[PDB]
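Trainee: Quick one: structure below, then a few questions.
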Amino acid sequence: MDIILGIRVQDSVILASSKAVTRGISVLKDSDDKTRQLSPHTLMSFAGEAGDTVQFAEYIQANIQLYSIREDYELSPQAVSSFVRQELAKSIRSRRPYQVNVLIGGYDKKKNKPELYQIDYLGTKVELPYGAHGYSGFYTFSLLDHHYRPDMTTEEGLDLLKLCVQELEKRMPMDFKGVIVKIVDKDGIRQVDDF
Amino acid sequence: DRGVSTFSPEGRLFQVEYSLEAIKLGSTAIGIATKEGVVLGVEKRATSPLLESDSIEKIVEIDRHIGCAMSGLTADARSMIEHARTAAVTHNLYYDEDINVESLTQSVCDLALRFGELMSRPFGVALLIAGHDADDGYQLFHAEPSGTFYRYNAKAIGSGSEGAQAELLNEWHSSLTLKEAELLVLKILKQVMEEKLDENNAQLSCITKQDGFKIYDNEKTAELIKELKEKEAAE
Amino acid sequence: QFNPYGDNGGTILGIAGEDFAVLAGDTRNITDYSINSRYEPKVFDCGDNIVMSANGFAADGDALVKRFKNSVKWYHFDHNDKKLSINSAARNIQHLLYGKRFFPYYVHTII
Amino acid sequence: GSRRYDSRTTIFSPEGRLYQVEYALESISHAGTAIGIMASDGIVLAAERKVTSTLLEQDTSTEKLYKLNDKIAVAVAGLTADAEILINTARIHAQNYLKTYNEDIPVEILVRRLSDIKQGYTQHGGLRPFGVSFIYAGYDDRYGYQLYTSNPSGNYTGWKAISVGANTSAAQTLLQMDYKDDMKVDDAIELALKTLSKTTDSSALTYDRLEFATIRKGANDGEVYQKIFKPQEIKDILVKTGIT
Amino acid sequence: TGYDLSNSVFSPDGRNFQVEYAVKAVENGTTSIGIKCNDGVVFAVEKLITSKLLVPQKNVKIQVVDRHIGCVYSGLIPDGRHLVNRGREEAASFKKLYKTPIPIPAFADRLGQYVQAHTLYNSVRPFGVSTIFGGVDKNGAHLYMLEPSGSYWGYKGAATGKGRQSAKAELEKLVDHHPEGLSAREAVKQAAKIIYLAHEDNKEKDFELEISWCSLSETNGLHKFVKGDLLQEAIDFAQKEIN
Amino acid sequence: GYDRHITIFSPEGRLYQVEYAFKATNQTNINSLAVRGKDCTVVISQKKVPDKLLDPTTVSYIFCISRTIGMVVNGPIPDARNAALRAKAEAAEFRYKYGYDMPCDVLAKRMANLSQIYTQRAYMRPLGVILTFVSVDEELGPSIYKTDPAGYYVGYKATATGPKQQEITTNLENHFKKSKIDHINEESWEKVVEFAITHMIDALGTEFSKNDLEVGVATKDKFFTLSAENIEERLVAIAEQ
Amino acid sequence: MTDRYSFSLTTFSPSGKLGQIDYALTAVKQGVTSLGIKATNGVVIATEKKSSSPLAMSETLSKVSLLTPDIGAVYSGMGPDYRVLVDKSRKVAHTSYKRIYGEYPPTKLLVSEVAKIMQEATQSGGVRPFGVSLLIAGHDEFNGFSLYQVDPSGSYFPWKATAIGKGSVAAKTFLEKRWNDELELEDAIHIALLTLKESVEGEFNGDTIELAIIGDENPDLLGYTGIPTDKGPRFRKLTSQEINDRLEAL
Amino acid sequence: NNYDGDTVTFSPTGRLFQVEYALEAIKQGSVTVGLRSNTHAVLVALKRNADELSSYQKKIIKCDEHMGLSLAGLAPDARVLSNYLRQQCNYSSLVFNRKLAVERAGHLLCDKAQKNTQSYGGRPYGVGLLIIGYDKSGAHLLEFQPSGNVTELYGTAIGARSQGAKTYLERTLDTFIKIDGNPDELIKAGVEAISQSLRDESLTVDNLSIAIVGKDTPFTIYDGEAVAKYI
Amino acid sequence: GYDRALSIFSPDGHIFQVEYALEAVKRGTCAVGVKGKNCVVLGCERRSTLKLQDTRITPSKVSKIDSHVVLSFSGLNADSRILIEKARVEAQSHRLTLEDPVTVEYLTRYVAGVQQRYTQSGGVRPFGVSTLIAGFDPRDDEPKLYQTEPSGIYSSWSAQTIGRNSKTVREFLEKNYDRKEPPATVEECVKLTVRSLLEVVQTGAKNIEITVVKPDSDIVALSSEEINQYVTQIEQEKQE
């Protein structure tokens with residue numbers, strides 16, 4: 001797990017998420033997609049405790065897919081985030097809480113706006129132009145504080161992300177084996193296949 | 001009404017005796033036991049020509065050494081089959097061995113009187129459970145909603161049964177080959193069946209110690225049907 | 001605090017020949033530096049030609065042996081007096097032992 | 001045992017009807033008529049009280065029209081006390097939805113849950129069904145204005161205009177006759193009162209024998225206002241349409 | 001009407017017919033009695049010997065509760081057994097909380113309320129037995145008789161079953177003719193006679209006598225079965241008076 | 001006709017099981033009566049021991065509920081004992097929870113509330129008894145409160161229950177019409193007991209020996225019943241009067 | 001043992017009636033007349049204290065019960081059903097309201113709570129409906145004075161005035177004749193004492209009549225002083241004496 | 001009549017018709033016989049098939065090394081009851097290291113049967129059982145009826161036409177009661193008693209079932225070729 | 001909880017509560033399904049004695065269980081919502097644990113199990129509903145159509161109709177469906193389906209719904225016009 005970022009630009013939300021899965025002194029995998037698609041225009045990235053992350057992600061995904069079928073309608077990113085926050089906020093007071101942090105990037109087809117949500121395992125939710133979970137933020141927030149602008153094109157967004165990932169590759173102590181980048185816009189979700 | 005668990009004055013359980021009426025209404029099923037194998041055959045009895053008759057499943061595998069045919073309210077057997085399969089596989093897990101045919105049958109029959117005011121009524125289906133184990137060899141059992149099972153050398157159940165059973169009483173001897181029995185089942189089925197027997201409205205299966213429980217393809221049965229027509233013309 | 005376990009010492013050994021098998025144990029039973037019994041057998045005949053020993057914490061071993069003997073009894077009751085094969089006995093014992101995975105029987109078992 | 005005294009409320013007649021649902025519907029047909037009419041710019045709810053006395057306090061009263069949330073209201077026909085049990089259920093369910101998704105409950109989702117509860121009482125648990133039929137009137141930003149009804153069976157349907165309670169067969173024909181798709185709220189207000197006027201089992205229609213409400217986007221800009229009419233406002237609307 | 005097809009329904013009389021029907025099952029049973037004496041109580045019962053195949057001495061009907069209480073009953077035998085099991089639990093619980101073995105009046109009410117409780121609902125059937133019981137406590141000797149309704153009282157003597165009327169008559173005699181007190185060994189003999197006398201109303205089949213007793217002096221307060229020579233002695237005293 | 005077998009309403013708005021439970025009330029054929037002194041409340045009930053094999057000392061329908069409350073039952077004994085054990089349990093718990101002795105009227109209400117329940121909930125039959133509670137309440141003075149199977153309860157100046165209840169009741173009303181007061185104006189309970197038996201005899205037209213009666217007395221801080229010999233002494237005094 | 005009656009004892013007949021609610025209402029009809037009149041500055045609830053014997057002390061049988069210091073109730077029908085309802089009503093006033101908001105519930109809501117209880121006796125497994133109709137009179141700061149009627153079905157209605165029970169049809173028309181929207185409380189007490197006389201056959205005095213008001217705040221009835229915002233109960237029961245004074249200028 | 005809807009209803013004469021109909025199911029059941037000396041107790045049971053193609057329903061079930069029974073009537077019920085008994089025997093062994101007295105086996109079955117005759121919903125068991133055992137006080141024979149009644153006997157029989165055997169044993173009482181230290185004669189006497197109950201068919205090899213327990217004999221069962229010796 | 005055995009056997013061997021549930025199915029509006037070469041078409045009657053209906057919001061008769069499977073029914077509507085809901089949850093649960101959507105056979109077998117359970121559970125009556133379930137197994141182009149009924153039995157059909165007058169239309173389908181030659185396109189298959197409903201319906205007005213399901217989660221509902229063109233073209237050929 002470890003590195004997950006998101007940037008909302010003018011027209012889309014972009015999630016970058018590290019590829020390594022490390023356990024002990026071995027990198028067991030270097031091509032791990034730390035993401036689920038909850039609905040056609042809503043994507044969630046996740047990082048945290050082994051097992052908990054995927055179990056939580058898929059549980060949410062199935063719940064959202066069940067909603068989509070029943071109502072023949074796509075929930076707004078705002079509503080999915082609010083559902084997810086509540087789930088996590090229940091979980092924190094369970095016998096065993098999920099230890100999972102999530103970023104929810106969605107495109108609201110009713111407002112035609114991209115939306116990015118940061119939610120931690122406690123059920124703390126915040127809408128942001130750009131987010132990060134874990135140690136990543138300690139580097140990327142200041143860099144984005146500087147270079148980010150609200151009207152950027154998806155193109156400008158990706159370059160701004162390259163900058164982040166480079167700084168992380170320079171100063172992070174661990175090898176996170178690069179990121180998988182995805183774009184959520186008016187036409188759904190697609191994955192940049194060369195980063 | 002009155003208790004679901006009540007006795008008649010003759011000393012029988014109403015609900016059990018009535019479930020037996022439902023079973024008489026079911027499509028025919030016949031089993032024959034030989035020293036080469038046990039054979040199970042059923043009447044499919046498709047209610048309209050549009051119904052795809054291979055989707056009619058009244059012969060079912062419980063384990064690789066146990067098979068089952070049913071007659072009566074066949075929706076009721078889903079859970080009995082489910083119990084049987086679990087019992088078989090569970091026994092294997094605890095003991096690293098195949099479960100005995102009598103044991104499986106007893107396990108299934110244990111379910112059967114579990115009803116009243118446990119489930120709301122007895123089962124509306126009777127089963128022929130056919131298998132092999134190394135202790136008692138090839139075995140065929142009749143499992144009723146009364147909780148009682150009987151071992152049979154041959155047995156028929158469903159609407160064709162009282163006629164078919166007499167016929168089996170005549171034909172069965174202790175040295176039938178498997179092939180003989182296959183034909184014998186086809187024969188008795190065609191006799192008691194409403195519509196003309198072919199390879200679509202009837203199905204055959206057997207269980208041998210060597211290859212276990214197999215349901216037959218329609219091709220395979222179609223030719224055993226031909227072989228039986230020819231053999232009967234020829235005397 | 002109360003410690004529910006203890007060590008009763010002893011040792012056991014099993015060797016298999018071509019058409020025979022042996023299971024041997026000493027007959028001394030100890031706690032700490034004391035002898036409890038100089039003859040307290042811990043290798044048992046369980047029927048169906050199986051011999052068993054559960055060496056370690058005697059209370060746990062005695063319970064296991066007790067439970068397994070009973071397993072043999074009920075196996076006959078439920079499966080038309082069929083003989084429990086050694087491979088079957090062993091699998092059944094695995095389940096007895098693992099059933100207490102989170103409060104283990106403190107014993108090395110040999111059949 | 002006690003089996004001897006058990007009606008068996010959740011069984012099938014030989015024809016395949018649920019006796020108790022059937023009888024609950026017969027029960028509902030003696031209740032005061034309620035009418036829903038859905039216009040392009042709003043919805044009207046109108047209902048006739050069960051034969052009022054003069055000493056009854058008309059203004060601190062509700063019997064027919066209840067509020068579920070800010071976007072949805074119902075008109076009741078049947079047992080008032082049963083109705084309230086289901087209303088507080090419905091109100092809660094609307095609040096769990098808001099709390100979960102941070103959006104107001106879409107009208108149909110609320111209607112479906114309430115109807116599923118009703119269906120429950122007809123398939124298991126051996127209790128009598130609820131002796132209630134509902135006209136749901138409300139707005140959401142997915143379908144805009146909506147009118148539904150549900151009955152003791154747990155069955156619900158959407159409508160342009162509909163009646164429940166007494167003389168629904170008469171009342172429906174009159175709506176069928178004068179309703180048109182382009183219609184406006186004030187026309188619908190007029191149709192509603194004219195229909196109740198013609199189907200009432202009382203001598204004349206008077207303000208004190210009526211509950212009335214409108215759901216318009218006739219507040220300020222793309223948002224929705226509910227208006228439960230005060231007795232003065234009902235008297236005015238009754239003169240203003242020349243019914244008195 | 002139809003007031004008699006469900007336990008705990010009041011008839012318009014005010015009665016609960018199912019309890020009354022239970023009594024018929026009791027009246028239909030063999031005879032059993034209780035005699036209270038100077039420092040104890042004596043129980044005996046009629047065991048019909050239906051065939052030569054019944055092992056003698058080996059179908060015991062009197063039951064003990066705790067160490068000091070004897071119970072005997074007429075009617076449906078397994079119901080009585082059930083009732084003693086409850087009594088045994090009640091006695092065990094009492095002794096556990098309070099230490100002292102349960103008093104006989106206290107014990108009576110335990111059975112009383114439990115039997116009464118089975119006249120309260122339509123989903124249980126009343127008890128098909130009348131139960132004679134008693135023993136010796138710190139306040140002397142006590143004999144009680146309990147019916148299907150849950151009604152019970154203290155008694156000088158008591159009798160139930162097919163020979164109840166006959167037995168009762170014989171008992172009233174003894175109460176008049178010994179206004180000061182029957183002795184423990186005297187009462188054993190008497191019980192033998194009365195079971196024999198009340199066997200008349202059941203005479204096709206012949207029977208086995210069974211006697212038990214608690215006496216503060218003769219048994220040290222504990223319940224024992226009368227056997228061997230002492231039983232033979234009373235079997236004899238009875239043979240005498242029926243000639 | 002099942003609206004007669006369980007506790008549901010008949011078409012005329014009646015509960016037949018409750019009415020039939022009232023009829024079981026008189027099925028012991030006993031009459032009881034209670035009156036208040038200045039210092040005391042006295043309750044007397046008839047004692048009829050028909051079988052000679054019964055131990056007369058165990059034949060009672062008066063119960064000591066608490067140290068301060070007594071209770072006499074009109075109705076079958078098994079229902080009567082059931083009611084007694086409950087009220088003893090209820091009165092003991094009340095002390096434990098609230099730190100003071102359960103009042104007569106409160107226990108009466110509580111037992112009436114339980115009784116009501118059997119008239120509403122259908123799996124429970126009503127008890128076929130009438131319960132007359134007596135004390136000298138520490139707040140209200142001498143107290144008589146009474147419960148029936150309908151779940152009704154009220155306090156009394158004095159009361160009577162049984163087959164010949166109306167005769168005893170009018171007999172008593174007539175005394176109080178005269179005396180012009182709410183109680184027996186008497187110092188000792190012994191003379192209030194004497195009053196009670198006296199007005200019992202006149203009203204029933206029968207004479208009582210020491211074993212045809214049963215007496216319970218409530219004074220401040222204790223409720224007790226009387227022995228045959230305490231009664232005998234009481235009868236004696238009435239004779240020489 | 002336990003309730004094997006887990007099915008409804010009130011069900012719909014083919015005509016649509018609920019037999020047991022109807023019969024409960026029949027039972028209320030046979031009950032003794034009680035009534036309520038709403039004044040501009042008060043409410044009065046009154047009923048006949050019909051007695052069991054002249055030996056009963058009918059001061060111990062109070063038919064008019066306080067629920068909260070500003071709500072009272074009275075009834076017609078089966079008294080023991082009433083008794084347990086007053087117990088449950090007082091409790092729910094605390095549990096589902098005062099314990100949550102620190103103030104007593106407003107009349108309409110408490111009525112709703114009571115009505116809910118009564119509805120459940122009409123649908124749950126193995127019980128009969130309650131055999132009473134209640135009249136609940138209360139005051140709360142934002143609603144003023146109110147009067148409600150709760151029936152066995154669980155239905156309730158707000159009234160200017162009404163009567164229930166035996167001679168209610170007679171009583172209701174009598175009230176129609178003398179009720180206006182300017183009645184001062186003392187006048188409403190007068191009218192109630194008049195209306196009750198019609199239906200009372202026997203003695204008619206301060207011992208045979210129970211009557212209580214929801215009126216002004218009673219600081220003398222509070223038990224303590226020193227909190228200016230606690231002003232005392234608005235419910236007051238009129239004494240035997242107070243009723244009689246009013247009966248001389250009748 | 002009107003009083004046979006369930007077990008929780010007494011008739012006006014004091015009868016439990018559901019219990020009596022359960023008793024009736026025993027009567028239709030196949031005949032089985034019990035008898036004992038002072039050293040052994042023997043069960044002999046006539047088995048019944050469905051037709052010429054079926055097996056013969058077993059009637060004898062083992063409960064411990066020292067105990068077992070034979071059934072007449074509803075077979076599944078005898079399974080429920082024998083299984084219960086197996087536990088009670090087992091419990092006595094494990095907890096107390098004590099073989100369960102046959103007399104106690106009786107009380108436990110009685111009390112179990114009785115519970116099913118006093119509560120709404122239940123039904124009585126529809127089977128009769130004959131229990132033989134050898135315990136710390138010799139050989140024993142017991143007759144269980146689902147009324148709850150259990151009796152100790154020297155010998156008896158239950159099922160259809162059991163009366164023939166039941167008289168025969170009553171006659172032979174003093175002969176067989178003294179077949180001590182001899183198995184094959186107590187069996188012979190059993191096989192003879194069960195003969196007094198046959199009609200239009202007599203005892204074949206896969207038709208007769210025999211059980212024996214006593215002083216130095218574990219409860220064991222003989223079937224098929226092991227019983228040909230006795231036909 | 002409420003205990004009663006409502007589904008029990010009668011002396012002739014029937015379970016009347018189940019049989020009476022079929023009666024409710026019989027009373028329901030007609031439903032039909034026909035499988036083509038490359039598609040399955042589900043068609044449904046909608047009863048016309050109800051104008052003033054709002055068809056944007058009134059429950060549609062065919063329901064998506066997953067993106068590749070659909071379910072229609074005849075009988076009690078409220079009952080059908082319960083079965084639909086359960087099936088949709090089962091569909092999502094299946095994807096979660098198997099990582100593959102349900103086969104139509106499996107999803108049918110599930111709904112059928114639910115229905116059967118309600119015929120021998122105490123305190124519940126059976127479902128007054130029969131269903132048509134249609135669609136395509138994942139990564140498969142063979143069409144599937146199955147039918148369930150309140151007893152819990154289910155089976156596969158080349159084409160099938162349930163509801164009121166379903167006998168008349170099974171008649172029509174039995175003489176008009178060549179098993180050897182199944183409607184080789186959508187167009188043809190829709191045509192045969194509307195034809196058979198017009199045996200029983202009325203005007204083909206607001207009186208017929210048609211849903212078409214195709215391989216790889218390709219499902220679409222036809223509109224008034226689209227349906228109408230079929231109804232128009234059918235009667236013109238009828239004057240012959």
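Residues in the structure tokens are named by chain (A, B, ... in the order shown) and by number from 1 within that chain; ligands are numbered from 1 in the order shown.
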Report the closest atom pair, with its distance in Å rounded to one decimal, for each residue of chain H that has an atom no farther than 12 Å from chain G; count only C-alpha atoms, sort by chain and then rising residue number, and write it as CSV.
Mentor:
```
residue,atom,partner,partner_atom,distance
H:8,CA,G:1,CA,11.9
H:118,CA,G:1,CA,10.8
H:119,CA,G:1,CA,8.2
H:120,CA,G:1,CA,8.7
H:121,CA,G:4,CA,10.3
```
Trainee: May I have the residues within 8 Å of segment 105-108 of chain C as a PyMOL selection string, using only C-alpha atoms and disregarding those fewer than 6 positions away in the same chain?
Mentor: chain C and resi 5+54-57+60-61+64+97
Trainee: Give me, as a tab-separated table, each residue of chain D that comes within 6 Å of chain I, together with its shortest interatomic pair and the distance in Å at one decimal, counting only C-alpha atoms, with rows ordered by chain and rising residue number.
Mentor:
```
residue	atom	partner	partner_atom	distance
D:14	CA	I:20	CA	5.5
D:15	CA	I:23	CA	5.8
D:16	CA	I:24	CA	4.5
D:119	CA	I:78	CA	6.0
D:123	CA	I:125	CA	5.4
D:124	CA	I:124	CA	4.4
D:125	CA	I:2	CA	5.2
D:154	CA	I:78	CA	5.4
D:155	CA	I:78	CA	5.1
D:157	CA	I:58	CA	5.1
D:158	CA	I:58	CA	4.6
D:159	CA	I:53	CA	4.5
D:160	CA	I:52	CA	5.4
```
Trainee: Limited to N, CA and C atoms, could you put the picked residues into a file as a short mmCIF file (atom, residue, chain, number, x, y, z; two decimals), in the first residue's frame?
Mentor:
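New file out-v3.cif:
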```cif
data_model
loop_
_atom_site.label_atom_id
_atom_site.label_comp_id
_atom_site.auth_asym_id
_atom_site.auth_seq_id
_atom_site.Cartn_x
_atom_site.Cartn_y
_atom_site.Cartn_z
N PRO D 14 -59.23 -19.81 -2.03
CA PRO D 14 -59.11 -20.74 -3.17
C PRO D 14 -58.95 -20.05 -4.54
N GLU D 15 -59.41 -18.81 -4.66
CA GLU D 15 -59.24 -18.03 -5.88
C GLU D 15 -57.84 -17.40 -5.96
N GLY D 16 -57.14 -17.33 -4.83
CA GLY D 16 -55.80 -16.74 -4.78
C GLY D 16 -55.80 -15.27 -4.40
N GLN D 119 -46.33 -5.16 2.68
CA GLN D 119 -46.29 -6.49 2.07
C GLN D 119 -45.89 -7.54 3.09
N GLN D 123 -47.56 -11.77 4.27
CA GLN D 123 -46.89 -13.01 3.90
C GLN D 123 -46.33 -13.77 5.10
N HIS D 124 -46.00 -13.07 6.18
CA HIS D 124 -45.53 -13.73 7.40
C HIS D 124 -45.95 -12.99 8.68
N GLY D 125 -45.94 -13.72 9.79
CA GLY D 125 -46.09 -13.13 11.12
C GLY D 125 -47.49 -13.17 11.71
N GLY D 154 -49.42 -3.89 -0.11
CA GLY D 154 -48.01 -3.51 -0.29
C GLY D 154 -47.71 -3.15 -1.73
N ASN D 155 -48.77 -3.00 -2.52
CA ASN D 155 -48.67 -2.69 -3.93
C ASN D 155 -48.76 -1.19 -4.14
N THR D 157 -48.33 2.26 -7.10
CA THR D 157 -48.37 2.70 -8.50
C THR D 157 -48.29 4.21 -8.60
N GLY D 158 -47.73 4.70 -9.71
CA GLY D 158 -47.61 6.13 -9.97
C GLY D 158 -48.76 6.67 -10.80
N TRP D 159 -49.09 7.95 -10.60
CA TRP D 159 -50.29 8.55 -11.18
C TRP D 159 -50.11 10.01 -11.60
N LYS D 160 -50.96 10.45 -12.52
CA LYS D 160 -51.09 11.86 -12.88
C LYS D 160 -52.13 12.50 -11.97
#
```
Trainee: Taking the chain letters and numbering used in this document, name the residues of segment 46-161 of chain D that DSSP puts in alpha helix (DSSP H), as an NGL selection string.
Mentor: :D and (80-101 or 107-120)
Trainee: Mind dumping the selected residues with C-alpha atoms as a compact mmCIF listing (two decimals), in the first residue's frame?
Mentor:
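The resulting file, result_21.txt, is shown below:
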```
# COMPACT_ATOMS: atom_id res chain seq x y z
CA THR D 80 -55.61 7.05 11.36
CA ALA D 81 -53.80 5.20 14.15
CA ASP D 82 -52.35 2.58 11.76
CA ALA D 83 -51.38 5.38 9.40
CA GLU D 84 -49.35 7.17 12.09
CA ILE D 85 -47.35 4.01 12.90
CA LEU D 86 -46.29 3.87 9.23
CA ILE D 87 -45.73 7.64 8.97
CA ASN D 88 -43.13 7.68 11.79
CA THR D 89 -41.48 4.70 10.13
CA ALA D 90 -41.44 6.57 6.83
CA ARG D 91 -40.13 9.78 8.43
CA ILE D 92 -37.25 7.87 10.04
CA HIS D 93 -36.34 6.11 6.83
CA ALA D 94 -36.15 9.50 5.09
CA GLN D 95 -33.74 10.64 7.82
CA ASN D 96 -31.45 7.57 7.58
CA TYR D 97 -31.18 8.23 3.86
CA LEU D 98 -30.26 11.89 4.36
CA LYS D 99 -27.74 10.93 7.05
CA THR D 100 -26.16 8.18 4.89
CA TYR D 101 -25.88 9.88 1.49
CA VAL D 107 -39.70 9.82 -3.63
CA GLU D 108 -39.99 6.27 -5.02
CA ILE D 109 -37.34 4.80 -2.71
CA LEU D 110 -39.30 5.97 0.34
CA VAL D 111 -42.58 4.75 -1.18
CA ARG D 112 -41.10 1.34 -1.96
CA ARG D 113 -39.82 0.75 1.60
CA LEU D 114 -43.16 1.71 3.15
CA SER D 115 -44.92 -0.57 0.68
CA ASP D 116 -42.49 -3.42 1.46
CA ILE D 117 -43.35 -3.13 5.16
CA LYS D 118 -47.02 -3.47 4.28
CA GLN D 119 -46.29 -6.49 2.07
CA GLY D 120 -44.50 -8.06 5.03
```
Trainee: So that I can see what lies close to residue 96 of chain B, please list as a list in words the residues with an atom at most 8 Å from it, counting only C-alpha atoms and leaving out residues fewer than 5 positions away in the same chain.
Mentor: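 These residues fall inside the cut-off: residues 91 of chain B; 87, 88 and 91 of chain C.
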Trainee: Restricting it to N, CA and C atoms, dump the selection as a PDB file, in the first residue's frame.
Mentor:
```
ATOM      1  N   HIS B  91     -18.011 -36.243   5.845  1.00  0.00           N
ATOM      2  CA  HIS B  91     -17.528 -37.516   6.363  1.00  0.00           C
ATOM      3  C   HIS B  91     -16.120 -37.764   5.851  1.00  0.00           C
TER       4      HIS B  91
ATOM      5  N   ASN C  87      -5.461 -44.653   9.120  1.00  0.00           N
ATOM      6  CA  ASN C  87      -5.480 -43.378   8.398  1.00  0.00           C
ATOM      7  C   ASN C  87      -6.697 -42.539   8.771  1.00  0.00           C
ATOM      8  N   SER C  88      -7.799 -43.222   9.077  1.00  0.00           N
ATOM      9  CA  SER C  88      -9.050 -42.570   9.443  1.00  0.00           C
ATOM     10  C   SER C  88      -8.970 -42.071  10.879  1.00  0.00           C
ATOM     11  N   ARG C  91      -6.862 -38.923  10.937  1.00  0.00           N
ATOM     12  CA  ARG C  91      -7.580 -37.735  10.491  1.00  0.00           C
ATOM     13  C   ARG C  91      -8.551 -37.247  11.558  1.00  0.00           C
TER      14      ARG C  91
END
```
Trainee: Counting only C-alpha atoms, figure out which residue out of H:87, H:30, H:39, H:147 gets nearest to chain C.
Mentor: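 Checking each of H:87, H:30, H:39, H:147 against chain C, counting only C-alpha atoms, the winner is H:87.
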Trainee: May I ask which of the residues D:135, D:192, D:11, D:56 is the closest one to chain G, counting only C-alpha atoms?
Mentor: D:56
Trainee: Dump as a ChimeraX atom specification the residues of chain I that approach chain B to within 10 Å, counting only C-alpha atoms.
Mentor: /I:3-15,105,109,112-113,115-124,145-147,151-160,170,173-174,177-179
Trainee: Need the shell around residue 46 of chain F: protein/DNA/RNA residues with any atom at most 8 Å away, counting only C-alpha atoms. Skip same-chain ones fewer than 3 positions apart. Format as a list in words?
Mentor: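 The residues that qualify are residues 30, 31, 32, 212, 213 and 214 of chain F.
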Trainee: Store the residues picked out above, limited to C-alpha atoms, as a PDB file, in the first residue's frame.
Mentor:
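Once everything was written out, this is again.pdb:
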```
ATOM      1  CA  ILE F  30     -67.239 -19.413  52.400  1.00  0.00           C
ATOM      2  CA  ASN F  31     -68.039 -15.895  53.599  1.00  0.00           C
ATOM      3  CA  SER F  32     -65.516 -13.309  54.761  1.00  0.00           C
ATOM      4  CA  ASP F 212     -66.139 -22.629  62.409  1.00  0.00           C
ATOM      5  CA  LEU F 213     -64.184 -19.372  62.266  1.00  0.00           C
ATOM      6  CA  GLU F 214     -60.858 -17.912  61.287  1.00  0.00           C
TER       7      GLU F 214
END
```
Trainee: Give me, as number ranges by chain, the contact residues of chain G against chain D at a cut-off of 8 Å, counting only C-alpha atoms.
Mentor: G: 4-17, 115-116, 119, 123-125, 153-155, 157-162, 176
Trainee: Any idea what the distance is between atom CA of residue 61 of chain I and atom CA of residue 72 of chain D?
Mentor: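 Here the two named atoms are 25.4 Å from each other.
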